[PDB]
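The file start.pdb comes next; it holds PDB, C-alpha atoms and all ligand atoms.
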MODEL        1
ATOM      1  CA  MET C   1      19.795  12.435 142.319  1.00  0.00           C
ATOM      2  CA  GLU C   2      21.142  15.617 140.730  1.00  0.00           C
ATOM      3  CA  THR C   3      23.102  16.073 137.519  1.00  0.00           C
ATOM      4  CA  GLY C   4      26.633  15.003 138.396  1.00  0.00           C
ATOM      5  CA  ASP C   5      25.645  12.275 140.860  1.00  0.00           C
ATOM      6  CA  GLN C   6      27.107   8.863 140.072  1.00  0.00           C
ATOM      7  CA  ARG C   7      25.138   5.699 140.783  1.00  0.00           C
ATOM      8  CA  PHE C   8      27.460   2.844 141.760  1.00  0.00           C
ATOM      9  CA  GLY C   9      25.570  -0.337 142.545  1.00  0.00           C
ATOM     10  CA  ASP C  10      22.995   0.602 145.160  1.00  0.00           C
ATOM     11  CA  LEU C  11      25.178   3.504 146.316  1.00  0.00           C
ATOM     12  CA  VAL C  12      25.245   7.120 145.167  1.00  0.00           C
ATOM     13  CA  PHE C  13      28.285   9.415 145.049  1.00  0.00           C
ATOM     14  CA  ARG C  14      28.206  13.213 144.757  1.00  0.00           C
ATOM     15  CA  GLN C  15      31.229  15.448 144.262  1.00  0.00           C
ATOM     16  CA  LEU C  16      31.075  18.331 146.734  1.00  0.00           C
ATOM     17  CA  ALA C  17      34.507  19.850 146.090  1.00  0.00           C
ATOM     18  CA  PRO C  18      37.553  19.028 143.937  1.00  0.00           C
ATOM     19  CA  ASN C  19      38.828  16.667 146.661  1.00  0.00           C
ATOM     20  CA  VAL C  20      35.598  15.783 148.513  1.00  0.00           C
ATOM     21  CA  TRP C  21      32.759  13.379 147.663  1.00  0.00           C
ATOM     22  CA  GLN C  22      29.639  12.350 149.565  1.00  0.00           C
ATOM     23  CA  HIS C  23      28.857   8.617 149.700  1.00  0.00           C
ATOM     24  CA  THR C  24      25.255   7.512 150.221  1.00  0.00           C
ATOM     25  CA  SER C  25      23.982   4.035 151.083  1.00  0.00           C
ATOM     26  CA  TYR C  26      20.423   2.938 151.738  1.00  0.00           C
ATOM     27  CA  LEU C  27      18.837   0.657 154.315  1.00  0.00           C
ATOM     28  CA  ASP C  28      15.679  -0.865 152.891  1.00  0.00           C
ATOM     29  CA  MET C  29      13.100  -0.911 155.670  1.00  0.00           C
ATOM     30  CA  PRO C  30      10.173  -3.374 155.252  1.00  0.00           C
ATOM     31  CA  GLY C  31      10.824   2.881 152.596  1.00  0.00           C
ATOM     32  CA  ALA C  32      14.546   3.358 152.027  1.00  0.00           C
ATOM     33  CA  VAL C  33      16.622   5.339 154.531  1.00  0.00           C
ATOM     34  CA  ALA C  34      19.734   7.090 153.258  1.00  0.00           C
ATOM     35  CA  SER C  35      22.996   7.433 155.163  1.00  0.00           C
ATOM     36  CA  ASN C  36      25.756   9.798 154.003  1.00  0.00           C
ATOM     37  CA  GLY C  37      29.498   9.774 154.639  1.00  0.00           C
ATOM     38  CA  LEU C  38      32.523  11.477 153.051  1.00  0.00           C
ATOM     39  CA  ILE C  39      35.492  10.580 150.869  1.00  0.00           C
ATOM     40  CA  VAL C  40      38.420  13.030 150.873  1.00  0.00           C
ATOM     41  CA  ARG C  41      41.489  13.015 148.628  1.00  0.00           C
ATOM     42  CA  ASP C  42      44.681  14.230 150.340  1.00  0.00           C
ATOM     43  CA  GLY C  43      47.467  14.130 147.777  1.00  0.00           C
ATOM     44  CA  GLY C  44      48.318  10.517 147.028  1.00  0.00           C
ATOM     45  CA  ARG C  45      45.883   8.972 149.519  1.00  0.00           C
ATOM     46  CA  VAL C  46      42.172   8.873 150.372  1.00  0.00           C
ATOM     47  CA  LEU C  47      40.457   9.415 153.757  1.00  0.00           C
ATOM     48  CA  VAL C  48      36.978   8.104 154.574  1.00  0.00           C
ATOM     49  CA  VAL C  49      34.363   9.373 157.029  1.00  0.00           C
ATOM     50  CA  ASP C  50      31.797   6.742 158.140  1.00  0.00           C
ATOM     51  CA  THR C  51      30.991   3.331 156.700  1.00  0.00           C
ATOM     52  CA  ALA C  52      27.781   2.364 154.946  1.00  0.00           C
ATOM     53  CA  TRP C  53      24.963   0.408 156.617  1.00  0.00           C
ATOM     54  CA  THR C  54      26.538  -2.988 155.816  1.00  0.00           C
ATOM     55  CA  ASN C  55      29.843  -4.656 154.995  1.00  0.00           C
ATOM     56  CA  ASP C  56      28.820  -5.309 151.390  1.00  0.00           C
ATOM     57  CA  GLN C  57      27.875  -1.655 150.916  1.00  0.00           C
ATOM     58  CA  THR C  58      31.157  -0.541 152.469  1.00  0.00           C
ATOM     59  CA  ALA C  59      33.131  -2.829 150.182  1.00  0.00           C
ATOM     60  CA  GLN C  60      31.273  -1.139 147.321  1.00  0.00           C
ATOM     61  CA  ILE C  61      32.540   2.237 148.570  1.00  0.00           C
ATOM     62  CA  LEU C  62      36.098   0.929 148.403  1.00  0.00           C
ATOM     63  CA  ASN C  63      35.424  -0.401 144.896  1.00  0.00           C
ATOM     64  CA  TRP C  64      34.192   3.018 143.777  1.00  0.00           C
ATOM     65  CA  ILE C  65      37.281   4.697 145.240  1.00  0.00           C
ATOM     66  CA  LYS C  66      39.482   2.227 143.355  1.00  0.00           C
ATOM     67  CA  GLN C  67      37.650   2.846 140.089  1.00  0.00           C
ATOM     68  CA  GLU C  68      37.219   6.615 140.265  1.00  0.00           C
ATOM     69  CA  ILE C  69      40.222   7.812 142.294  1.00  0.00           C
ATOM     70  CA  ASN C  70      42.656   4.864 142.217  1.00  0.00           C
ATOM     71  CA  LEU C  71      44.534   5.865 145.378  1.00  0.00           C
ATOM     72  CA  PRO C  72      44.796   3.924 148.644  1.00  0.00           C
ATOM     73  CA  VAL C  73      42.576   4.596 151.623  1.00  0.00           C
ATOM     74  CA  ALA C  74      44.865   5.662 154.465  1.00  0.00           C
ATOM     75  CA  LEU C  75      42.300   5.690 157.251  1.00  0.00           C
ATOM     76  CA  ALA C  76      38.641   5.940 158.116  1.00  0.00           C
ATOM     77  CA  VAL C  77      37.004   7.869 160.933  1.00  0.00           C
ATOM     78  CA  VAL C  78      33.550   6.720 162.091  1.00  0.00           C
ATOM     79  CA  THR C  79      31.380   9.213 163.888  1.00  0.00           C
ATOM     80  CA  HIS C  80      29.366   7.131 166.404  1.00  0.00           C
ATOM     81  CA  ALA C  81      28.437   3.582 167.376  1.00  0.00           C
ATOM     82  CA  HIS C  82      25.275   3.057 165.329  1.00  0.00           C
ATOM     83  CA  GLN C  83      24.803   0.788 162.331  1.00  0.00           C
ATOM     84  CA  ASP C  84      24.698   3.540 159.695  1.00  0.00           C
ATOM     85  CA  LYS C  85      28.166   4.740 160.781  1.00  0.00           C
ATOM     86  CA  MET C  86      29.966   1.527 161.840  1.00  0.00           C
ATOM     87  CA  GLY C  87      27.963  -1.220 160.116  1.00  0.00           C
ATOM     88  CA  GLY C  88      30.772  -1.866 157.649  1.00  0.00           C
ATOM     89  CA  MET C  89      33.809  -1.948 159.956  1.00  0.00           C
ATOM     90  CA  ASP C  90      34.673  -5.520 158.958  1.00  0.00           C
ATOM     91  CA  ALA C  91      35.034  -4.445 155.315  1.00  0.00           C
ATOM     92  CA  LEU C  92      37.465  -1.660 156.218  1.00  0.00           C
ATOM     93  CA  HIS C  93      39.522  -4.030 158.359  1.00  0.00           C
ATOM     94  CA  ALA C  94      39.563  -6.766 155.709  1.00  0.00           C
ATOM     95  CA  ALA C  95      40.972  -4.128 153.340  1.00  0.00           C
ATOM     96  CA  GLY C  96      43.725  -3.233 155.806  1.00  0.00           C
ATOM     97  CA  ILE C  97      42.419   0.296 156.423  1.00  0.00           C
ATOM     98  CA  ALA C  98      43.270   1.874 159.773  1.00  0.00           C
ATOM     99  CA  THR C  99      40.053   2.818 161.585  1.00  0.00           C
ATOM    100  CA  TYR C 100      39.540   5.573 164.158  1.00  0.00           C
ATOM    101  CA  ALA C 101      36.627   6.440 166.399  1.00  0.00           C
ATOM    102  CA  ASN C 102      35.909   8.230 169.629  1.00  0.00           C
ATOM    103  CA  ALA C 103      37.211   6.060 172.467  1.00  0.00           C
ATOM    104  CA  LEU C 104      33.652   6.072 173.807  1.00  0.00           C
ATOM    105  CA  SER C 105      32.349   4.823 170.452  1.00  0.00           C
ATOM    106  CA  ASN C 106      34.812   1.937 170.672  1.00  0.00           C
ATOM    107  CA  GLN C 107      33.639   1.206 174.211  1.00  0.00           C
ATOM    108  CA  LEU C 108      29.969   1.296 173.132  1.00  0.00           C
ATOM    109  CA  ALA C 109      30.333  -0.626 169.848  1.00  0.00           C
ATOM    110  CA  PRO C 110      30.271  -4.132 171.413  1.00  0.00           C
ATOM    111  CA  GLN C 111      27.056  -3.276 173.237  1.00  0.00           C
ATOM    112  CA  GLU C 112      25.492  -2.501 169.848  1.00  0.00           C
ATOM    113  CA  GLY C 113      26.763  -5.832 168.502  1.00  0.00           C
ATOM    114  CA  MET C 114      29.354  -4.031 166.394  1.00  0.00           C
ATOM    115  CA  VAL C 115      33.118  -4.042 165.955  1.00  0.00           C
ATOM    116  CA  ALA C 116      35.165  -1.239 167.484  1.00  0.00           C
ATOM    117  CA  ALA C 117      37.580   0.781 165.409  1.00  0.00           C
ATOM    118  CA  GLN C 118      41.205  -0.221 165.834  1.00  0.00           C
ATOM    119  CA  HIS C 119      42.282   3.192 167.193  1.00  0.00           C
ATOM    120  CA  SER C 120      40.695   5.526 169.744  1.00  0.00           C
ATOM    121  CA  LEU C 121      40.426   9.302 169.450  1.00  0.00           C
ATOM    122  CA  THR C 122      40.356  11.346 172.634  1.00  0.00           C
ATOM    123  CA  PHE C 123      39.231  14.923 173.063  1.00  0.00           C
ATOM    124  CA  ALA C 124      40.012  18.056 175.007  1.00  0.00           C
ATOM    125  CA  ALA C 125      37.546  19.741 177.328  1.00  0.00           C
ATOM    126  CA  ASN C 126      36.511  22.149 174.549  1.00  0.00           C
ATOM    127  CA  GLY C 127      35.896  19.255 172.147  1.00  0.00           C
ATOM    128  CA  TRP C 128      38.924  19.408 169.841  1.00  0.00           C
ATOM    129  CA  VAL C 129      40.617  16.068 169.173  1.00  0.00           C
ATOM    130  CA  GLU C 130      43.922  15.421 170.920  1.00  0.00           C
ATOM    131  CA  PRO C 131      46.429  15.624 168.029  1.00  0.00           C
ATOM    132  CA  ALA C 132      48.553  12.680 169.169  1.00  0.00           C
ATOM    133  CA  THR C 133      45.510  10.403 168.838  1.00  0.00           C
ATOM    134  CA  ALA C 134      44.789  11.545 165.249  1.00  0.00           C
ATOM    135  CA  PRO C 135      48.172  11.113 163.547  1.00  0.00           C
ATOM    136  CA  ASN C 136      48.550  12.098 159.901  1.00  0.00           C
ATOM    137  CA  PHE C 137      44.878  13.073 159.532  1.00  0.00           C
ATOM    138  CA  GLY C 138      45.649  15.571 156.758  1.00  0.00           C
ATOM    139  CA  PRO C 139      42.713  17.922 156.265  1.00  0.00           C
ATOM    140  CA  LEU C 140      40.355  16.106 158.658  1.00  0.00           C
ATOM    141  CA  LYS C 141      39.631  18.276 161.721  1.00  0.00           C
ATOM    142  CA  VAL C 142      37.798  16.153 164.272  1.00  0.00           C
ATOM    143  CA  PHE C 143      35.599  17.825 166.866  1.00  0.00           C
ATOM    144  CA  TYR C 144      33.484  16.309 169.626  1.00  0.00           C
ATOM    145  CA  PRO C 145      30.619  18.793 170.162  1.00  0.00           C
ATOM    146  CA  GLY C 146      29.104  17.207 173.252  1.00  0.00           C
ATOM    147  CA  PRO C 147      26.296  14.677 173.667  1.00  0.00           C
ATOM    148  CA  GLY C 148      23.398  15.044 171.286  1.00  0.00           C
ATOM    149  CA  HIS C 149      22.183  12.390 168.889  1.00  0.00           C
ATOM    150  CA  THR C 150      24.293  10.080 171.068  1.00  0.00           C
ATOM    151  CA  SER C 151      26.786  10.664 173.854  1.00  0.00           C
ATOM    152  CA  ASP C 152      29.663   9.633 171.548  1.00  0.00           C
ATOM    153  CA  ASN C 153      28.832  11.509 168.329  1.00  0.00           C
ATOM    154  CA  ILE C 154      31.753  13.334 166.688  1.00  0.00           C
ATOM    155  CA  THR C 155      31.963  15.737 163.757  1.00  0.00           C
ATOM    156  CA  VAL C 156      34.586  16.436 161.096  1.00  0.00           C
ATOM    157  CA  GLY C 157      35.566  19.605 159.257  1.00  0.00           C
ATOM    158  CA  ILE C 158      37.567  19.417 156.036  1.00  0.00           C
ATOM    159  CA  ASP C 159      40.409  21.918 156.321  1.00  0.00           C
ATOM    160  CA  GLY C 160      41.019  23.874 153.135  1.00  0.00           C
ATOM    161  CA  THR C 161      37.366  23.618 152.056  1.00  0.00           C
ATOM    162  CA  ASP C 162      34.129  25.173 153.264  1.00  0.00           C
ATOM    163  CA  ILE C 163      32.671  21.746 154.177  1.00  0.00           C
ATOM    164  CA  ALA C 164      31.884  20.398 157.647  1.00  0.00           C
ATOM    165  CA  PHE C 165      30.241  17.050 158.469  1.00  0.00           C
ATOM    166  CA  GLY C 166      27.699  16.974 161.309  1.00  0.00           C
ATOM    167  CA  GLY C 167      26.768  13.289 161.067  1.00  0.00           C
ATOM    168  CA  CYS C 168      23.505  12.406 162.796  1.00  0.00           C
ATOM    169  CA  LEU C 169      23.756  15.388 165.143  1.00  0.00           C
ATOM    170  CA  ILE C 170      22.656  17.848 162.456  1.00  0.00           C
ATOM    171  CA  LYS C 171      19.366  17.747 160.539  1.00  0.00           C
ATOM    172  CA  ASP C 172      18.548  19.757 157.457  1.00  0.00           C
ATOM    173  CA  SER C 173      16.935  23.193 157.593  1.00  0.00           C
ATOM    174  CA  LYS C 174      13.445  21.874 156.706  1.00  0.00           C
ATOM    175  CA  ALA C 175      13.570  18.807 158.973  1.00  0.00           C
ATOM    176  CA  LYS C 176      10.382  18.071 160.911  1.00  0.00           C
ATOM    177  CA  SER C 177      12.140  16.223 163.760  1.00  0.00           C
ATOM    178  CA  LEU C 178      15.555  15.347 165.163  1.00  0.00           C
ATOM    179  CA  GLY C 179      15.442  11.840 163.710  1.00  0.00           C
ATOM    180  CA  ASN C 180      16.252   8.941 166.000  1.00  0.00           C
ATOM    181  CA  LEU C 181      16.335  10.183 169.595  1.00  0.00           C
ATOM    182  CA  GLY C 182      16.370   6.718 171.192  1.00  0.00           C
ATOM    183  CA  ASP C 183      19.928   7.190 172.506  1.00  0.00           C
ATOM    184  CA  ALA C 184      19.895  10.993 172.597  1.00  0.00           C
ATOM    185  CA  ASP C 185      20.840  13.511 175.287  1.00  0.00           C
ATOM    186  CA  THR C 186      17.872  15.875 175.134  1.00  0.00           C
ATOM    187  CA  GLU C 187      19.300  18.168 177.827  1.00  0.00           C
ATOM    188  CA  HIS C 188      22.550  18.992 176.005  1.00  0.00           C
ATOM    189  CA  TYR C 189      21.515  18.524 172.368  1.00  0.00           C
ATOM    190  CA  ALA C 190      21.009  22.214 171.549  1.00  0.00           C
ATOM    191  CA  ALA C 191      24.346  23.321 173.022  1.00  0.00           C
ATOM    192  CA  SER C 192      26.129  20.494 171.187  1.00  0.00           C
ATOM    193  CA  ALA C 193      24.608  21.507 167.861  1.00  0.00           C
ATOM    194  CA  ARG C 194      25.686  25.090 168.441  1.00  0.00           C
ATOM    195  CA  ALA C 195      29.181  23.999 169.537  1.00  0.00           C
ATOM    196  CA  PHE C 196      29.529  22.248 166.183  1.00  0.00           C
ATOM    197  CA  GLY C 197      28.634  25.501 164.434  1.00  0.00           C
ATOM    198  CA  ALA C 198      31.152  27.458 166.504  1.00  0.00           C
ATOM    199  CA  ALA C 199      33.922  24.901 165.852  1.00  0.00           C
ATOM    200  CA  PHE C 200      33.603  25.364 162.078  1.00  0.00           C
ATOM    201  CA  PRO C 201      32.333  28.941 161.872  1.00  0.00           C
ATOM    202  CA  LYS C 202      33.265  29.464 158.208  1.00  0.00           C
ATOM    203  CA  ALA C 203      31.922  26.180 156.815  1.00  0.00           C
ATOM    204  CA  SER C 204      29.125  27.098 154.402  1.00  0.00           C
ATOM    205  CA  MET C 205      28.248  23.571 153.249  1.00  0.00           C
ATOM    206  CA  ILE C 206      27.017  21.316 156.054  1.00  0.00           C
ATOM    207  CA  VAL C 207      26.900  17.600 155.320  1.00  0.00           C
ATOM    208  CA  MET C 208      24.740  15.335 157.493  1.00  0.00           C
ATOM    209  CA  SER C 209      23.763  11.690 157.728  1.00  0.00           C
ATOM    210  CA  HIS C 210      20.219  11.597 156.359  1.00  0.00           C
ATOM    211  CA  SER C 211      19.688  14.626 154.112  1.00  0.00           C
ATOM    212  CA  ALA C 212      21.476  16.278 151.226  1.00  0.00           C
ATOM    213  CA  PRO C 213      24.101  18.907 152.066  1.00  0.00           C
ATOM    214  CA  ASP C 214      22.557  22.126 153.351  1.00  0.00           C
ATOM    215  CA  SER C 215      23.519  25.635 154.411  1.00  0.00           C
ATOM    216  CA  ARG C 216      24.372  26.689 157.963  1.00  0.00           C
ATOM    217  CA  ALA C 217      20.607  26.954 158.530  1.00  0.00           C
ATOM    218  CA  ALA C 218      20.789  23.206 159.109  1.00  0.00           C
ATOM    219  CA  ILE C 219      22.791  23.941 162.249  1.00  0.00           C
ATOM    220  CA  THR C 220      20.519  26.714 163.483  1.00  0.00           C
ATOM    221  CA  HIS C 221      17.300  24.841 162.680  1.00  0.00           C
ATOM    222  CA  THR C 222      18.624  21.764 164.512  1.00  0.00           C
ATOM    223  CA  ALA C 223      19.558  23.845 167.549  1.00  0.00           C
ATOM    224  CA  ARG C 224      16.123  25.508 167.529  1.00  0.00           C
ATOM    225  CA  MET C 225      14.376  22.127 167.383  1.00  0.00           C
ATOM    226  CA  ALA C 226      16.595  20.914 170.223  1.00  0.00           C
ATOM    227  CA  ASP C 227      15.673  24.020 172.256  1.00  0.00           C
ATOM    228  CA  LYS C 228      12.116  22.622 172.262  1.00  0.00           C
ATOM    229  CA  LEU C 229      13.258  19.461 174.083  1.00  0.00           C
TER     230      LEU C 229
HETATM  231 CL    CL C 301      33.840  20.866 142.658  1.00  0.00          CL
HETATM  232 CL    CL C 302      40.523  22.440 176.113  1.00  0.00          CL
HETATM  233 CL    CL C 303      19.191  10.375 163.195  1.00  0.00          CL
HETATM  234 CL    CL C 304      35.651  26.813 159.712  1.00  0.00          CL
HETATM  235 ZN    ZN C 305      22.920   7.123 165.329  1.00  0.00          ZN
HETATM  236 ZN    ZN C 306      21.849   8.278 161.674  1.00  0.00          ZN
ENDMDL
END

Write the structure described by the file as structure tokens, please.
Ligand SMILES: [Cl-]
Ligand SMILES: [Cl-]
Ligand SMILES: [Cl-]
Ligand SMILES: [Cl-]
Ligand SMILES: [Zn+2]
Ligand SMILES: [Zn+2]
Amino acid sequence: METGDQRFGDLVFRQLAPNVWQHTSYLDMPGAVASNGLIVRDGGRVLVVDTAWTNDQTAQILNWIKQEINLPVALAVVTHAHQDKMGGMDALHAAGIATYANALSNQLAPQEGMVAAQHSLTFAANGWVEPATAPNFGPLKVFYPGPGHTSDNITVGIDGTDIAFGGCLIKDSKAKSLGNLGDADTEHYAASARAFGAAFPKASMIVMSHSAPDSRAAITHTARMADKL
């Protein structure tokens, strides 16, 4: 934790920009494993990227938003069908928040014992989201970079900031490994990491699932590790 970080229950929140916060929840393994997502203010509403590991943690995220921002959550986008990104879907739905995910994530979620988002995003051949499937997304720019950490992983740039969110695709610049590769596409991983970089070429702060925000060297280090697969 750095000066400025707010502890809220077992969750941590860090302001990254005037309208952007990182939310961090932890899965105790019998050490603790962090998972990061984003909260974005867009005028009189809030937008959320990824849930926490569990429903209770995700409800705590909503409680923090209520206390610190006091604006309604318009929608949440979840970036692939693993527990750290969709483990709290039920809490979003109980709150009446519209949820969005890659159509493939929604198709895979039941096979991971999880609940699909209520709306499906689809993507063009170059990876950009089809606009009709992402209505009223404000500053969220959703990009599917290709298979990598999983076949369904998506990424999100925040328009009007220098922030882009790589999810579990991107590792930090001093990472020793690519994290969990159990569902990974080792053939296409490097190209997908680089496609993420090319989609958001002016983002200087890269946010990822399991490390603190890093420079663009997170993207290049990840791609270089993936070259070795
Ligand atoms: Cl700031
Ligand atoms: Cl296209
Ligand atoms: Cl990972
Ligand atoms: Cl950009
Ligand atoms: Zn994952
Ligand atoms: Zn992950």

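Evaluating the PyMOL selection byres (((not hetatm)) within 9 of (chain C and resi 301)) against the shown model yields residues 15, 16, 17, 18, 19 and 20 of chain C.
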
Based on the selection just made, write C-alpha atoms of those residues as a PDB file, keeping the file's coordinate frame.
ATOM      1  CA  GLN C  15      31.229  15.448 144.262  1.00  0.00           C
ATOM      2  CA  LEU C  16      31.075  18.331 146.734  1.00  0.00           C
ATOM      3  CA  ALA C  17      34.507  19.850 146.090  1.00  0.00           C
ATOM      4  CA  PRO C  18      37.553  19.028 143.937  1.00  0.00           C
ATOM      5  CA  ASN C  19      38.828  16.667 146.661  1.00  0.00           C
ATOM      6  CA  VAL C  20      35.598  15.783 148.513  1.00  0.00           C
TER       7      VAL C  20
END

Practice task
Report as a PyMOL selection string the residues that result from applying the PyMOL selection byres (((not hetatm)) within 7 of (chain C and resi 305)) to the structure here.
Solution key: chain C and resi 80-82+84+149-150+168+180

Write out as a tab-separated table the residues of chain C that have any atom within 10 Å of an atom of ligand CL 302 (chain C), one row each with the nearest atom pair and its distance in Å to one decimal, counting only C-alpha atoms and all ligand atoms, sorted by chain and then rising number.
residue	atom	partner	partner_atom	distance
C:123	CA	C:CL302	CL	8.2
C:124	CA	C:CL302	CL	4.6
C:125	CA	C:CL302	CL	4.2
C:126	CA	C:CL302	CL	4.3
C:127	CA	C:CL302	CL	6.9
C:128	CA	C:CL302	CL	7.1
C:129	CA	C:CL302	CL	9.4
C:130	CA	C:CL302	CL	9.4

For the structure provided, state which residues fall under the PyMOL selection byres (((chain C and resi 40) around 9) and not hetatm), and present them as a CSV table (one decimal) with C-alpha atoms, in the frame of the given file.
chain,number,residue,atom,x,y,z
C,19,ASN,CA,38.8,16.7,146.7
C,20,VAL,CA,35.6,15.8,148.5
C,21,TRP,CA,32.8,13.4,147.7
C,22,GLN,CA,29.6,12.4,149.6
C,38,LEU,CA,32.5,11.5,153.1
C,39,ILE,CA,35.5,10.6,150.9
C,41,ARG,CA,41.5,13.0,148.6
C,42,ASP,CA,44.7,14.2,150.3
C,45,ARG,CA,45.9,9.0,149.5
C,46,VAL,CA,42.2,8.9,150.4
C,47,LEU,CA,40.5,9.4,153.8
C,48,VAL,CA,37.0,8.1,154.6
C,49,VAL,CA,34.4,9.4,157.0
C,139,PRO,CA,42.7,17.9,156.3
C,140,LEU,CA,40.4,16.1,158.7
C,158,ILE,CA,37.6,19.4,156.0

Exercise for the section: Please measure the separation of atom CA of residue 106 of chain C and atom CA of residue 92 of chain C, giving the value in Å to one decimal. Expected result: 15.1 Å

Exercise for the section: Could you pull out the residues sitting within 8 Å of ligand CL 303 (chain C), using all atoms listed in the file, and write them as a PyMOL selection string? Expected result: chain C and resi 149+168-169+171+178-181+209-210

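Atom pair atom CA of residue 194 of chain C / atom CA of residue 206 of chain C has a distance of 13.0 Å (rounded to one decimal).
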
Handout entry: Distance query residue 26 of chain C at most 9 Å, only C-alpha atoms, self and fewer than 5 positions along chain excluded, as an MDAnalysis selection string
Key = chainID C and resid 10:11 32:36 52:53 57

For chain C against ligand CL 304 (chain C), with a cut-off of 12 Å and counting only C-alpha atoms and all ligand atoms, what is the closest atom pair and its distance in Å to one decimal for every residue that makes the cut, ordered by chain and number, as CSV?
residue,atom,partner,partner_atom,distance
C:139,CA,C:CL304,CL,11.9
C:140,CA,C:CL304,CL,11.7
C:141,CA,C:CL304,CL,9.6
C:142,CA,C:CL304,CL,11.8
C:143,CA,C:CL304,CL,11.5
C:156,CA,C:CL304,CL,10.5
C:157,CA,C:CL304,CL,7.2
C:158,CA,C:CL304,CL,8.5
C:159,CA,C:CL304,CL,7.6
C:160,CA,C:CL304,CL,9.0
C:161,CA,C:CL304,CL,8.5
C:162,CA,C:CL304,CL,6.8
C:163,CA,C:CL304,CL,8.1
C:164,CA,C:CL304,CL,7.7
C:165,CA,C:CL304,CL,11.2
C:196,CA,C:CL304,CL,10.0
C:197,CA,C:CL304,CL,8.6
C:198,CA,C:CL304,CL,8.2
C:199,CA,C:CL304,CL,6.7
C:200,CA,C:CL304,CL,3.4
C:201,CA,C:CL304,CL,4.5
C:202,CA,C:CL304,CL,3.9
C:203,CA,C:CL304,CL,4.8
C:204,CA,C:CL304,CL,8.4
C:205,CA,C:CL304,CL,10.3
C:206,CA,C:CL304,CL,10.9
C:216,CA,C:CL304,CL,11.4

Convert the current residue selection to file output with C-alpha atoms, as a compact mmCIF listing (two decimals), in the coordinates of the input.
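And here is the file that came out, result14.txt:
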# COMPACT_ATOMS: atom_id res chain seq x y z
CA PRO C 139 42.71 17.92 156.26
CA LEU C 140 40.35 16.11 158.66
CA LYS C 141 39.63 18.28 161.72
CA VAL C 142 37.80 16.15 164.27
CA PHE C 143 35.60 17.82 166.87
CA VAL C 156 34.59 16.44 161.10
CA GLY C 157 35.57 19.60 159.26
CA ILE C 158 37.57 19.42 156.04
CA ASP C 159 40.41 21.92 156.32
CA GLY C 160 41.02 23.87 153.14
CA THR C 161 37.37 23.62 152.06
CA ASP C 162 34.13 25.17 153.26
CA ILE C 163 32.67 21.75 154.18
CA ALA C 164 31.88 20.40 157.65
CA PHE C 165 30.24 17.05 158.47
CA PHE C 196 29.53 22.25 166.18
CA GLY C 197 28.63 25.50 164.43
CA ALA C 198 31.15 27.46 166.50
CA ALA C 199 33.92 24.90 165.85
CA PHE C 200 33.60 25.36 162.08
CA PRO C 201 32.33 28.94 161.87
CA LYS C 202 33.26 29.46 158.21
CA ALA C 203 31.92 26.18 156.82
CA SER C 204 29.12 27.10 154.40
CA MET C 205 28.25 23.57 153.25
CA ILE C 206 27.02 21.32 156.05
CA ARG C 216 24.37 26.69 157.96

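Considering all atoms listed in the file, the residue among C:70, C:186, C:3, C:215 positioned nearest to residue 228 of chain C is C:186.
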
Practice task
Have a look at C:89, C:212, C:107, C:94 and name the one nearest to residue 23 of chain C; count all atoms listed in the file.
Solution key: C:212

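Ranking C:146, C:87, C:72, C:138 by their shortest atom-to-atom distance to ligand ZN 306 (chain C), with all atoms listed in the file included, puts C:87 first.
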
Exercise for the section: Excluding residue 188 of chain C and residues on its chain fewer than 6 positions from it, collect all residues at most 10 Å away from it, counting all atoms listed in the file, and give them as a PyMOL selection string. Expected result: chain C and resi 145-149+151+226-227+229

Store the residues of this selection in a file with C-alpha atoms, as a JSON list (two decimals), in the frame of the given file.
[["chain", "number", "residue", "atom", "x", "y", "z"],
["C", 145, "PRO", "CA", 30.62, 18.79, 170.16],
["C", 146, "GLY", "CA", 29.10, 17.21, 173.25],
["C", 147, "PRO", "CA", 26.30, 14.68, 173.67],
["C", 148, "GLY", "CA", 23.40, 15.04, 171.29],
["C", 149, "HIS", "CA", 22.18, 12.39, 168.89],
["C", 151, "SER", "CA", 26.79, 10.66, 173.85],
["C", 226, "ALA", "CA", 16.60, 20.91, 170.22],
["C", 227, "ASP", "CA", 15.67, 24.02, 172.26],
["C", 229, "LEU", "CA", 13.26, 19.46, 174.08]]

Practice task
Compare C:9, C:110, C:182, C:43 by their minimum atom-to-atom distance to ligand ZN 306 (chain C), counting only C-alpha atoms and all ligand atoms, and give me the closest one.
Solution key: C:182

Would you mind putting N, CA, C and O atoms back on segment 73-77 of chain C and writing the result as a short mmCIF file (atom, residue, chain, number, x, y, z; two decimals), keeping the file's coordinate frame?
data_model
loop_
_atom_site.label_atom_id
_atom_site.label_comp_id
_atom_site.auth_asym_id
_atom_site.auth_seq_id
_atom_site.Cartn_x
_atom_site.Cartn_y
_atom_site.Cartn_z
N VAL C 73 43.23 4.00 150.47
CA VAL C 73 42.58 4.60 151.62
C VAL C 73 43.53 4.50 152.81
O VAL C 73 43.91 3.39 153.22
N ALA C 74 43.92 5.65 153.35
CA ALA C 74 44.86 5.66 154.46
C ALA C 74 44.18 5.35 155.79
O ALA C 74 44.76 4.68 156.65
N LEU C 75 42.96 5.83 155.96
CA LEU C 75 42.30 5.69 157.25
C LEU C 75 40.84 6.04 157.09
O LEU C 75 40.44 6.68 156.11
N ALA C 76 40.05 5.60 158.05
CA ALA C 76 38.64 5.94 158.12
C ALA C 76 38.33 6.38 159.53
O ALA C 76 38.82 5.79 160.49
N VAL C 77 37.52 7.42 159.65
CA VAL C 77 37.00 7.87 160.93
C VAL C 77 35.50 7.63 160.93
O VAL C 77 34.81 7.96 159.95
#
